[PDB]
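This report refers to the structure that appears directly beneath it.
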Amino acid sequence: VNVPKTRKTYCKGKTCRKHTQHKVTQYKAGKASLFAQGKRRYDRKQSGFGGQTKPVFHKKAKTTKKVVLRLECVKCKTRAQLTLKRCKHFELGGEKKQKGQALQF
Amino acid sequence: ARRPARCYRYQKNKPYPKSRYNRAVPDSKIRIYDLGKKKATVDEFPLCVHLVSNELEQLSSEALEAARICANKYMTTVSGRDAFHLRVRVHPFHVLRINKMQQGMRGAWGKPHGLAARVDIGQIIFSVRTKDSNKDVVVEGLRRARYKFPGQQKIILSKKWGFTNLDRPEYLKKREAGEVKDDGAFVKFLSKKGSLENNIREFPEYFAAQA
Amino acid sequence: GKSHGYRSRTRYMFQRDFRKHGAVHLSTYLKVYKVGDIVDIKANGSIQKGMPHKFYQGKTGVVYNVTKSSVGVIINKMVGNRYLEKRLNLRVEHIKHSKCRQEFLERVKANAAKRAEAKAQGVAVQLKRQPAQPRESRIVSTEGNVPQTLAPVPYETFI
Amino acid sequence: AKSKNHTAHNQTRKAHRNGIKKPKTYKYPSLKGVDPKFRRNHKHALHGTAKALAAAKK
RNA sequence: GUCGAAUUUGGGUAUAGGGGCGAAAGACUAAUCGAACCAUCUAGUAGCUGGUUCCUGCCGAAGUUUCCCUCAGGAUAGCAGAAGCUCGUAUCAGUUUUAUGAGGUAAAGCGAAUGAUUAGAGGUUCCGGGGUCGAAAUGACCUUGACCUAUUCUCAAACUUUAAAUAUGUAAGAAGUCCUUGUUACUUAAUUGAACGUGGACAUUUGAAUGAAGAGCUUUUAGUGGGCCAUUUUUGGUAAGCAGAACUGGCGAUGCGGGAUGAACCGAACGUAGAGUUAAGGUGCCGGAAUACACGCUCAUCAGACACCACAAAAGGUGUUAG
RNA sequence: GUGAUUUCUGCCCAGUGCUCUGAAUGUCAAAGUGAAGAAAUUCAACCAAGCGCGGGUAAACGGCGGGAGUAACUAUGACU
RNA sequence: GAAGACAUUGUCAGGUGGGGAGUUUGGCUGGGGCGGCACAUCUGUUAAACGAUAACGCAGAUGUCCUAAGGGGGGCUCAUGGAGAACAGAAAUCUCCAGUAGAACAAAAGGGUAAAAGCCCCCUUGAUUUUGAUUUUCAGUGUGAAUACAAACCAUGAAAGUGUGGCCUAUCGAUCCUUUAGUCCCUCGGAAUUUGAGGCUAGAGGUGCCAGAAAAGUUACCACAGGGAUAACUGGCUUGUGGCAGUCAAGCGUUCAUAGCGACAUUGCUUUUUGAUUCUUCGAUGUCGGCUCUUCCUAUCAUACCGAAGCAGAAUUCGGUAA
RNA sequence: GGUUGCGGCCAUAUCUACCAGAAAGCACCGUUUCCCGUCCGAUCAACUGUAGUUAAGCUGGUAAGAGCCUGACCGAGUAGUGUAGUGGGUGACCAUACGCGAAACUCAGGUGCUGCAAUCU
Ligand SMILES: COC(=O)C[C@](O)(CCCC(C)(C)O)C(=O)O[C@@H]1C(OC)=C[C@]23CCCN2CCc2cc4c(cc2[C@H]13)OCO4
Ligand SMILES: [Mg+2]
Ligand SMILES: [Mg+2]
Ligand SMILES: [Mg+2]
Ligand SMILES: [Mg+2]
Ligand SMILES: [Mg+2]
Ligand SMILES: [Mg+2]
Ligand SMILES: [Mg+2]
Ligand SMILES: [Mg+2]
Ligand SMILES: [Mg+2]
Ligand SMILES: [Mg+2]
Ligand SMILES: [Mg+2]
Ligand SMILES: [Mg+2]
Ligand SMILES: [Mg+2]
Ligand SMILES: [Mg+2]
Ligand SMILES: [Mg+2]
Ligand SMILES: [Mg+2]
Ligand SMILES: [Mg+2]
Ligand SMILES: [Mg+2]
Ligand SMILES: [Mg+2]
Ligand SMILES: [Mg+2]
Ligand SMILES: [Mg+2]
Ligand SMILES: [Mg+2]
Ligand SMILES: [Mg+2]
Ligand SMILES: [Mg+2]
Ligand SMILES: [Mg+2]
Ligand SMILES: [Mg+2]
Ligand SMILES: [Mg+2]
Ligand SMILES: [Mg+2]
Ligand SMILES: [Mg+2]
Ligand SMILES: [Mg+2]
Ligand SMILES: [Mg+2]
Ligand SMILES: [Mg+2]
Ligand SMILES: [Mg+2]
Ligand SMILES: [Mg+2]
Ligand SMILES: [Mg+2]
Ligand SMILES: [Mg+2]
Ligand SMILES: [Mg+2]
Ligand SMILES: [Mg+2]
Ligand SMILES: [Mg+2]
Ligand SMILES: [Mg+2]
Ligand SMILES: [Mg+2]
Ligand SMILES: [Mg+2]
Ligand SMILES: [Mg+2]
Ligand SMILES: [Mg+2]
Ligand SMILES: [Mg+2]
Ligand SMILES: [Mg+2]
Ligand SMILES: [Mg+2]
Ligand SMILES: [Mg+2]
Ligand SMILES: [Mg+2]
Ligand SMILES: [Mg+2]
Ligand SMILES: [Mg+2]
Ligand SMILES: [Mg+2]
Ligand SMILES: [Mg+2]
Ligand SMILES: [Mg+2]
Ligand SMILES: [Mg+2]
Ligand SMILES: [Mg+2]
Ligand SMILES: [Mg+2]
Ligand SMILES: [Mg+2]
Ligand SMILES: [Mg+2]
Ligand SMILES: [Mg+2]
Ligand SMILES: [Mg+2]
Ligand SMILES: [Mg+2]
Ligand SMILES: [Mg+2]
Ligand SMILES: [Mg+2]
Ligand SMILES: [Mg+2]
Ligand SMILES: [Mg+2]
Ligand SMILES: [Mg+2]
Ligand SMILES: [Mg+2]
Ligand SMILES: [Mg+2]
Ligand SMILES: [Mg+2]
Ligand SMILES: [Mg+2]
Ligand SMILES: [Mg+2]
Ligand SMILES: [Mg+2]
Ligand SMILES: [Mg+2]
Ligand SMILES: [Mg+2]
Ligand SMILES: [Mg+2]
Ligand SMILES: [Mg+2]
Ligand SMILES: [Mg+2]
Ligand SMILES: [Mg+2]
Ligand SMILES: [Mg+2]
Ligand SMILES: [Mg+2]
Ligand SMILES: [Mg+2]
Ligand SMILES: [Mg+2]
Ligand SMILES: [Mg+2]
Ligand SMILES: [Mg+2]
Ligand SMILES: [Mg+2]
Ligand SMILES: [Mg+2]
Ligand SMILES: [Mg+2]
Ligand SMILES: [Mg+2]
Ligand SMILES: [Mg+2]
Ligand SMILES: [Mg+2]
Ligand SMILES: [Mg+2]
Ligand SMILES: [Mg+2]
Ligand SMILES: [Mg+2]
Ligand SMILES: [Mg+2]
Ligand SMILES: [Mg+2]
Ligand SMILES: [Mg+2]
Ligand SMILES: [Mg+2]
Ligand SMILES: [Mg+2]
Ligand SMILES: [Mg+2]
Ligand SMILES: [Mg+2]
Ligand SMILES: [Mg+2]
Ligand SMILES: [Mg+2]
Ligand SMILES: [Mg+2]
Ligand SMILES: [Mg+2]
Ligand SMILES: [Mg+2]
Ligand SMILES: [Mg+2]
Ligand SMILES: [Mg+2]
Ligand SMILES: [Mg+2]
Ligand SMILES: [Mg+2]
Ligand SMILES: [Mg+2]
Ligand SMILES: [Mg+2]
Ligand SMILES: [Mg+2]
Ligand SMILES: [Mg+2]
Ligand SMILES: [Mg+2]
Ligand SMILES: [Mg+2]
Ligand SMILES: [Mg+2]
Ligand SMILES: [Mg+2]
Ligand SMILES: [Mg+2]
Ligand SMILES: [Mg+2]
Ligand SMILES: [Mg+2]
């Protein structure tokens, strides 16, 4: 797909509480952090002997990932997520589809 | 390597035509269905004799063909190639399947094996038209063809004028009138419905109601 | 594998009636529905929104709701050895008023009449319906009608 | 070892031992799933005429 | 086989169980070896196999749904028992009738659409090609193709205008019908409407049939979750005492009479007995019951003899019978 | 490993191993170092063997092709 | 004497480590295996005109694609064909007539659509925010998908309106954990500030065996619980294949259908072929061949007596009664 | 009765060919300053109602017309079907019994009905 880098849409931010312009961008996970309670508990669990103490996933099936757009109200600063269908090529550059032109050269 | 007809005599399955859905199916062994003087006029051949099924069954295309050759062969050499008109009245549109043959009964769907006409009781298989003075000769044709077919069929003298839809007098009454007009090998009748104008054009020899 | 989607098996059922395609005539929308109204259900394949599922085709129910472009019909579907209550949000293009009660209402309005029209005369009413009774005696005449005598016919072939 | 696949055999026999229970009917059925704008108003409508009928036995 | 040596052999001594020892066979390690023997953990676990102990009375199944590393097992719903409880001419129905819907199967159709298919006939080309005249021609004339017109023979599970039977939704009133005119924040131009009402009018021919050893409701629990068969509908298969669906009725769980025999056919469903009458099937003798009555037919140097059922076909006969 | 004698033991180090007076700026642990922070901590640089790169090795494990044409009958194919 | 703060040793840290340990090494399936996917799904048919409905039934499809191919508005009419216009031809671009959709609407197919649902243009983000109800599958759970409202905020249009993604019927995902968005909210339990951690609400990272384990082989050295729910041997049903026999008679046979043969067709029998099946046996019915010996069948090779011949004789061939 | 604007059922309203249409109305029709749209004032926009015409639209009538609608003991109680039997038949299939019952065919009849508002010899 191709989606626009901007978006007039609902902002639910106490002051905003109306349709405003959002700057659009793609969600990107976030560094791990040990000290997460889970990572904490895991780390312990894996000490000493016994080997892998927890399942390790192998039977991968999907060949994609749902895109998440981060929508940022340029007034009230707040953000909203909005998640697209599965697609195999994503871009929020542009190059918009064009009228009815020739196949070149 | 053809299976015995025995294996397909009865109408056990639903009509399996050649279709988008079927496709790879062999040719019908019988391909001509009108032989003898088929160009001939309706007036030429008054008498009409039929080969008529007495069974709900299935005739192979191969036995259709063999029969066809048998009767035409006889009818010509005994009474000439222009004596008669033989119409195979039955077309083999139903495809018969075969489970040709690691596996066994797992996934057993046949491949097309051959064609067959499916035929009612009372259903006409062959029809012949001639001159009255040939009756015997024709009936002997259909009698011999019979030996080519599973199941009982019986030969029946028509009341009709040739391949026409009219018994002998009613055609005559219609003809010695004005109403009939020659076509290719069949005929056209004057309708009382439709445009008076181009109805009068056609059939000039009506519209006096006499000769 | 098998297939069992929402509109599966509905080829002819949501089909459109010979020479009757296109816009729906405007009376379909001028018709008015109140709660308690009995409607019959029939999908209009031309109208994809607000469609009943196939099972509810040819079913009669009672309106329980009236919204902008729809009525809510409640049908008793019997799943198992029992009925459950099912509620259908149908657009008005898939619903029509049933005549399943017209004969009842015509019957009642009329039963009120000959009930008063009898009482205010001198009783003697009789207004339950009765089934077809056997017919009575009668005398058929020959005058102008002597019995024609038919026999069975021989066997003949014509073909 | 393949075995049977499906049958409805005998199932309506069972269905009929203990019913096909008819559908059960009530005066005053639930307003469940009724238009909220209606229902909101209808409430006040009812509250009112209630007050009116206490007002008849003052 | 070998028999003076890589010979045989006593005793003593060392090597010990994932260890030994092995000129190597997974051999040998006390009748134990692809991991010895002894005790213990230990009554190891077992969706698998076996067995499970008195009588009578009443009721009485399932082999199906959905989920499961699920397919010889479980959970879940169903079927079953129990205990009842609230009520009672009430309300109830594997049924009809009446009124009103739904449906695209059977049939039918194809000189109606789509798709197939046999045949000619008549047209039309500045134009698919051939051939004669030709300098050619948007030339003429034959010709065979395609198309067109009106006809003709034949077809469809995945075609169709039409369109059954059987099945199938709803309705047949007191929770009803009519009048008067309150409430609201919904809704209307509008006290307009919508919903819910207050007050008033009409009783069992109060609104079809037939039935009802009553109706309604609650809790909890077993077994079952291999099914098989018959008529009809029906898929795969040449077919099957084969494989798989639909509806009902069965067998399984069930004896009794009949089909000699036999799970499922026909008759008929079981407390102990008397008398009577029957069913299906029989009545020469076996064998209870007419070697009954009547009209034909049939003579077989492999006659025939009663559903399911325990097979026979094309084709023939100057045997005989009636047409 | 192979298996008396006689004879003879061809070519292949790409792979898998094994191996090396080899190279070096690639990856690379704990400790140690530096940087930020109020510290817990985060980031960074440096970095052993190993890996990777390079060389050796077949009496290590093992391997040791396909399609056309071509000589005065045909056939064959030294030859391409 | 040698060696020397180096070895050695002790604790962590990386490499190596089938030498050894422990464990695992899908399901359905006309046995299992190889294959395929009937394992989660969609269209049409099977499907027996409501609904439901099986097989490794039939013909196809799904793990995607689209900022427009989503939303609103206006304008327009498609496939095809006829007739016309320089180069220009079968096919370029221009016009007019006809045109029920014979087109197009991403994709399988089926529905659906004509001042549109198709084509061209204009303006856009409703593909958004909140939390419930409902329909399909159903246990009347979940998930997917969908429907009609309520409360917002918007888009478009003169407006009525329409818009909660793609015309409809498929296009997908629990708990634990991580991660992000959200209010600036609750907690860290002796009291505070600040980091940090933990909660709440909504998303993403995925389980395709799709209600969702973390998983390689070999065993002929083999083991146990079971299975006749299941193969290999006998037996049963079937008889496609094999084998054997007919009917018709176009032909063959110098001439001449049938002396002897016999095409195209077509009806059968047989159960020493091989298949199909899986009903009996898995707490065991001794598998091939031969030897020995008995008995049976006849579709007769010889031998007895016959009939026929394209029987001169001789020899042969065909047929009968014959085991 | 005509006509117009808005309609409802959506062919008895459609299609093919020809003829007829008073009056009003519709219409065709004139113009390009203005709003507005085009390659083109053809469509679309505006202005005149003046300059012109029933030719076309429109309405109606004709036609052994095409189509479509309705009817009928026309075909047919046919096909098909629910129920029954220890009915026939080697089978394939087929009669019978108590019911339900088509489609094509054939023949006749028909060719828009009508609501609100305004207008009209
Ligand atoms: C494949 O061969 C076997 O299975 C042989 C045997 O072990 C026969 C040996 C039996 C004893 C040990 C008793 O000899 C056996 O189990 O026989 C079964 C057996 O053993 C008693 C009886 C079986 C099954 C019914 C009769 N049949 C005969 C013998 C046999 C022969 C086979 C066969 C199976 C049978 C079985 O498959 C191929 O050939
Ligand atoms: Mg620790
Ligand atoms: Mg913030
Ligand atoms: Mg049949
Ligand atoms: Mg079949
Ligand atoms: Mg096999
Ligand atoms: Mg096979
Ligand atoms: Mg297959
Ligand atoms: Mg296949
Ligand atoms: Mg015959
Ligand atoms: Mg005809
Ligand atoms: Mg399907
Ligand atoms: Mg239309
Ligand atoms: Mg939608
Ligand atoms: Mg199994
Ligand atoms: Mg089985
Ligand atoms: Mg089962
Ligand atoms: Mg051990
Ligand atoms: Mg040890
Ligand atoms: Mg011992
Ligand atoms: Mg020993
Ligand atoms: Mg125990
Ligand atoms: Mg033990
Ligand atoms: Mg098990
Ligand atoms: Mg009982
Ligand atoms: Mg699982
Ligand atoms: Mg068992
Ligand atoms: Mg009922
Ligand atoms: Mg259907
Ligand atoms: Mg049919
Ligand atoms: Mg037919
Ligand atoms: Mg028809
Ligand atoms: Mg057709
Ligand atoms: Mg059909
Ligand atoms: Mg009923
Ligand atoms: Mg009653
Ligand atoms: Mg009673
Ligand atoms: Mg009682
Ligand atoms: Mg229970
Ligand atoms: Mg239970
Ligand atoms: Mg199960
Ligand atoms: Mg259970
Ligand atoms: Mg039975
Ligand atoms: Mg049992
Ligand atoms: Mg019994
Ligand atoms: Mg008995
Ligand atoms: Mg018997
Ligand atoms: Mg019976
Ligand atoms: Mg005896
Ligand atoms: Mg006796
Ligand atoms: Mg007597
Ligand atoms: Mg019989
Ligand atoms: Mg005979
Ligand atoms: Mg005779
Ligand atoms: Mg070596
Ligand atoms: Mg050796
Ligand atoms: Mg050595
Ligand atoms: Mg050499
Ligand atoms: Mg070399
Ligand atoms: Mg090498
Ligand atoms: Mg470090
Ligand atoms: Mg190698
Ligand atoms: Mg030191
Ligand atoms: Mg190791
Ligand atoms: Mg191991
Ligand atoms: Mg398996
Ligand atoms: Mg398995
Ligand atoms: Mg197999
Ligand atoms: Mg496989
Ligand atoms: Mg299955
Ligand atoms: Mg599965
Ligand atoms: Mg159905
Ligand atoms: Mg279901
Ligand atoms: Mg489509
Ligand atoms: Mg429009
Ligand atoms: Mg979205
Ligand atoms: Mg869900
Ligand atoms: Mg789905
Ligand atoms: Mg769209
Ligand atoms: Mg999916
Ligand atoms: Mg946050
Ligand atoms: Mg704190
Ligand atoms: Mg505290
Ligand atoms: Mg504390
Ligand atoms: Mg704080
Ligand atoms: Mg903080
Ligand atoms: Mg995850
Ligand atoms: Mg699973
Ligand atoms: Mg769950
Ligand atoms: Mg699953
Ligand atoms: Mg695994
Ligand atoms: Mg192992
Ligand atoms: Mg060994
Ligand atoms: Mg055989
Ligand atoms: Mg055979
Ligand atoms: Mg054979
Ligand atoms: Mg012949
Ligand atoms: Mg001769
Ligand atoms: Mg000859
Ligand atoms: Mg044999
Ligand atoms: Mg078995
Ligand atoms: Mg067997
Ligand atoms: Mg066994
Ligand atoms: Mg045994
Ligand atoms: Mg024995
Ligand atoms: Mg004998
Ligand atoms: Mg003999
Ligand atoms: Mg001779
Ligand atoms: Mg003889
Ligand atoms: Mg003998
Ligand atoms: Mg004997
Ligand atoms: Mg005028
Ligand atoms: Mg201008
Ligand atoms: Mg103009
Ligand atoms: Mg204008
Ligand atoms: Mg005029
Ligand atoms: Mg007009
Ligand atoms: Mg007409
Ligand atoms: Mg009949
Ligand atoms: Mg019937
Ligand atoms: Mg019968
Ligand atoms: Mg009949």
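Residues in the structure tokens are named by chain (A, B, ... in the order shown) and by number from 1 within that chain; ligands are numbered from 1 in the order shown.
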
Which residues are near residue D:6? Cut-off 10 Å, only C-alpha atoms (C1' of nucleotides), ignore same chain within fewer than 6 positions. Put them as an MDAnalysis selection string. (chainID E and resid 64 244:245) or (chainID G and resid 53:54)

Contacts of residue G:171 at 9 Å (only C-alpha atoms (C1' of nucleotides); same-chain gap of 2+ positions) as number ranges by chain: G: 41-42, 62-64

Could you give me, as a list in words, every polymer residue with an atom at most 10 Å away from an atom of ligand 58, counting only C-alpha atoms (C1' of nucleotides) and all ligand atoms? residues 8, 9, 10 and 11 of chain F

When the cut-off is 7 Å and you count only C-alpha atoms (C1' of nucleotides) and all ligand atoms, which residues lie near ligand 77, shown as a PyMOL selection string? chain G and resi 142-144

Those selected residues, please, written with N, CA, C and O atoms (P, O5', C5', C4', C3', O3' and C1' of nucleotides) and delivered as a PDB file, in the first residue's frame.
ATOM      1  P     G G 142     -19.149 -15.697  23.163  1.00  0.00           P
ATOM      2  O5'   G G 142     -17.644 -15.979  22.733  1.00  0.00           O
ATOM      3  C5'   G G 142     -16.573 -15.686  23.622  1.00  0.00           C
ATOM      4  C4'   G G 142     -15.272 -16.252  23.125  1.00  0.00           C
ATOM      5  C3'   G G 142     -14.772 -15.684  21.819  1.00  0.00           C
ATOM      6  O3'   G G 142     -14.113 -14.464  21.982  1.00  0.00           O
ATOM      7  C1'   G G 142     -14.713 -18.017  21.699  1.00  0.00           C
ATOM      8  P     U G 143     -14.460 -13.225  21.033  1.00  0.00           P
ATOM      9  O5'   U G 143     -13.533 -13.438  19.759  1.00  0.00           O
ATOM     10  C5'   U G 143     -12.200 -13.862  19.859  1.00  0.00           C
ATOM     11  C4'   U G 143     -11.773 -14.574  18.612  1.00  0.00           C
ATOM     12  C3'   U G 143     -12.133 -13.924  17.297  1.00  0.00           C
ATOM     13  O3'   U G 143     -11.324 -12.819  16.999  1.00  0.00           O
ATOM     14  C1'   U G 143     -12.558 -16.230  17.157  1.00  0.00           C
ATOM     15  P     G G 144     -11.946 -11.525  16.321  1.00  0.00           P
ATOM     16  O5'   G G 144     -12.181 -12.008  14.840  1.00  0.00           O
ATOM     17  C5'   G G 144     -11.082 -12.386  14.030  1.00  0.00           C
ATOM     18  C4'   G G 144     -11.537 -12.928  12.708  1.00  0.00           C
ATOM     19  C3'   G G 144     -12.478 -12.040  11.924  1.00  0.00           C
ATOM     20  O3'   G G 144     -11.795 -11.029  11.233  1.00  0.00           O
ATOM     21  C1'   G G 144     -13.329 -14.221  11.931  1.00  0.00           C
TER      22        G G 144
END

Determine, counting only C-alpha atoms (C1' of nucleotides), which protein, DNA and RNA residues have an atom within 10 Å of an atom of residue H:111; residues of the same chain fewer than 4 positions away are not included. Present the result as a PyMOL selection string. chain H and resi 11-13+68-69

I want to know what sits within 12 Å of residue E:265, based on only C-alpha atoms (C1' of nucleotides), with residues of the same chain fewer than 6 positions away left out; could you give that as JSON, numbers by chain? {"E": [229, 230, 231, 250, 251, 258, 259, 280, 307, 308, 309], "H": [86]}

Print the selection's residues with N, CA, C and O atoms (P, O5', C5', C4', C3', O3' and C1' of nucleotides) to a file, as a PDB file, in the first residue's frame.
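As a result, again_26.pdb now contains:
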ATOM      1  P     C E 229     -24.994 -52.024   6.807  1.00  0.00           P
ATOM      2  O5'   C E 229     -26.477 -52.519   7.067  1.00  0.00           O
ATOM      3  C5'   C E 229     -26.856 -53.862   6.800  1.00  0.00           C
ATOM      4  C4'   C E 229     -28.300 -54.122   7.164  1.00  0.00           C
ATOM      5  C3'   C E 229     -29.338 -53.571   6.214  1.00  0.00           C
ATOM      6  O3'   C E 229     -29.515 -54.399   5.096  1.00  0.00           O
ATOM      7  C1'   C E 229     -29.956 -53.010   8.401  1.00  0.00           C
ATOM      8  P     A E 230     -29.722 -53.762   3.646  1.00  0.00           P
ATOM      9  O5'   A E 230     -31.284 -53.530   3.628  1.00  0.00           O
ATOM     10  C5'   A E 230     -32.119 -54.586   4.063  1.00  0.00           C
ATOM     11  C4'   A E 230     -33.568 -54.182   4.048  1.00  0.00           C
ATOM     12  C3'   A E 230     -33.942 -53.164   2.993  1.00  0.00           C
ATOM     13  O3'   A E 230     -34.095 -53.806   1.754  1.00  0.00           O
ATOM     14  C1'   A E 230     -34.863 -52.496   5.045  1.00  0.00           C
ATOM     15  P     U E 231     -34.286 -53.019   0.367  1.00  0.00           P
ATOM     16  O5'   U E 231     -35.590 -52.132   0.561  1.00  0.00           O
ATOM     17  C5'   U E 231     -36.770 -52.416  -0.163  1.00  0.00           C
ATOM     18  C4'   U E 231     -37.778 -51.321   0.005  1.00  0.00           C
ATOM     19  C3'   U E 231     -37.511 -50.068  -0.778  1.00  0.00           C
ATOM     20  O3'   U E 231     -37.827 -50.221  -2.135  1.00  0.00           O
ATOM     21  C1'   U E 231     -38.163 -49.515   1.403  1.00  0.00           C
ATOM     22  P     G E 250     -40.332 -48.736  14.577  1.00  0.00           P
ATOM     23  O5'   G E 250     -39.755 -50.141  14.139  1.00  0.00           O
ATOM     24  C5'   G E 250     -38.496 -50.515  14.631  1.00  0.00           C
ATOM     25  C4'   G E 250     -37.858 -51.520  13.750  1.00  0.00           C
ATOM     26  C3'   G E 250     -36.759 -52.310  14.412  1.00  0.00           C
ATOM     27  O3'   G E 250     -37.290 -53.441  15.035  1.00  0.00           O
ATOM     28  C1'   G E 250     -35.972 -51.435  12.376  1.00  0.00           C
ATOM     29  P     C E 251     -36.588 -53.969  16.343  1.00  0.00           P
ATOM     30  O5'   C E 251     -35.158 -54.460  15.854  1.00  0.00           O
ATOM     31  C5'   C E 251     -34.974 -55.808  15.435  1.00  0.00           C
ATOM     32  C4'   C E 251     -33.540 -56.083  15.126  1.00  0.00           C
ATOM     33  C3'   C E 251     -32.617 -55.951  16.307  1.00  0.00           C
ATOM     34  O3'   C E 251     -32.582 -57.097  17.143  1.00  0.00           O
ATOM     35  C1'   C E 251     -31.758 -54.714  14.543  1.00  0.00           C
ATOM     36  P     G E 258     -44.484 -70.958  13.645  1.00  0.00           P
ATOM     37  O5'   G E 258     -44.435 -70.136  12.311  1.00  0.00           O
ATOM     38  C5'   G E 258     -45.576 -70.110  11.504  1.00  0.00           C
ATOM     39  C4'   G E 258     -45.400 -69.207  10.329  1.00  0.00           C
ATOM     40  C3'   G E 258     -44.230 -69.466   9.431  1.00  0.00           C
ATOM     41  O3'   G E 258     -44.421 -70.601   8.636  1.00  0.00           O
ATOM     42  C1'   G E 258     -44.458 -67.166   9.779  1.00  0.00           C
ATOM     43  P     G E 259     -43.181 -71.358   7.957  1.00  0.00           P
ATOM     44  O5'   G E 259     -42.371 -70.203   7.234  1.00  0.00           O
ATOM     45  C5'   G E 259     -42.753 -69.803   5.942  1.00  0.00           C
ATOM     46  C4'   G E 259     -41.732 -68.923   5.305  1.00  0.00           C
ATOM     47  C3'   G E 259     -40.318 -69.396   5.258  1.00  0.00           C
ATOM     48  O3'   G E 259     -40.166 -70.483   4.376  1.00  0.00           O
ATOM     49  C1'   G E 259     -40.359 -67.124   5.767  1.00  0.00           C
ATOM     50  P     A E 280     -53.001 -61.606   6.779  1.00  0.00           P
ATOM     51  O5'   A E 280     -51.507 -62.119   6.815  1.00  0.00           O
ATOM     52  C5'   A E 280     -50.446 -61.278   6.430  1.00  0.00           C
ATOM     53  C4'   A E 280     -49.151 -61.926   6.804  1.00  0.00           C
ATOM     54  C3'   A E 280     -48.839 -63.216   6.076  1.00  0.00           C
ATOM     55  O3'   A E 280     -48.290 -62.989   4.780  1.00  0.00           O
ATOM     56  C1'   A E 280     -48.525 -63.531   8.381  1.00  0.00           C
ATOM     57  P     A E 307     -40.273 -66.530  -2.646  1.00  0.00           P
ATOM     58  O5'   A E 307     -40.369 -64.965  -2.805  1.00  0.00           O
ATOM     59  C5'   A E 307     -40.862 -64.397  -3.984  1.00  0.00           C
ATOM     60  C4'   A E 307     -41.173 -62.975  -3.729  1.00  0.00           C
ATOM     61  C3'   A E 307     -40.014 -62.155  -3.232  1.00  0.00           C
ATOM     62  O3'   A E 307     -39.138 -61.715  -4.253  1.00  0.00           O
ATOM     63  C1'   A E 307     -41.819 -61.865  -1.792  1.00  0.00           C
ATOM     64  P     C E 308     -37.643 -62.296  -4.271  1.00  0.00           P
ATOM     65  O5'   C E 308     -36.951 -61.599  -3.027  1.00  0.00           O
ATOM     66  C5'   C E 308     -36.768 -60.193  -3.006  1.00  0.00           C
ATOM     67  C4'   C E 308     -36.338 -59.715  -1.649  1.00  0.00           C
ATOM     68  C3'   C E 308     -35.111 -60.396  -1.074  1.00  0.00           C
ATOM     69  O3'   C E 308     -33.899 -59.846  -1.550  1.00  0.00           O
ATOM     70  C1'   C E 308     -36.808 -60.333   0.548  1.00  0.00           C
ATOM     71  P     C E 309     -32.539 -60.709  -1.532  1.00  0.00           P
ATOM     72  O5'   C E 309     -32.852 -61.980  -2.433  1.00  0.00           O
ATOM     73  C5'   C E 309     -31.839 -62.938  -2.650  1.00  0.00           C
ATOM     74  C4'   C E 309     -32.418 -64.294  -2.869  1.00  0.00           C
ATOM     75  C3'   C E 309     -33.830 -64.297  -3.433  1.00  0.00           C
ATOM     76  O3'   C E 309     -33.985 -65.429  -4.268  1.00  0.00           O
ATOM     77  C1'   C E 309     -33.808 -65.418  -1.358  1.00  0.00           C
TER      78        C E 309
ATOM     79  P     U H  86     -45.852 -56.732   1.516  1.00  0.00           P
ATOM     80  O5'   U H  86     -45.396 -58.095   0.882  1.00  0.00           O
ATOM     81  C5'   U H  86     -45.402 -58.204  -0.527  1.00  0.00           C
ATOM     82  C4'   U H  86     -45.658 -59.595  -1.025  1.00  0.00           C
ATOM     83  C3'   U H  86     -47.067 -60.130  -0.833  1.00  0.00           C
ATOM     84  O3'   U H  86     -47.558 -60.636  -2.056  1.00  0.00           O
ATOM     85  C1'   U H  86     -45.444 -61.700  -0.072  1.00  0.00           C
TER      86        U H  86
END

Could you tell me, as a list in words, which residues of chain A DSSP assigns to alpha helix (DSSP H) when given the backbone? residues 37, 38, 39, 40, 41, 42, 43, 44 and 45 of chain A
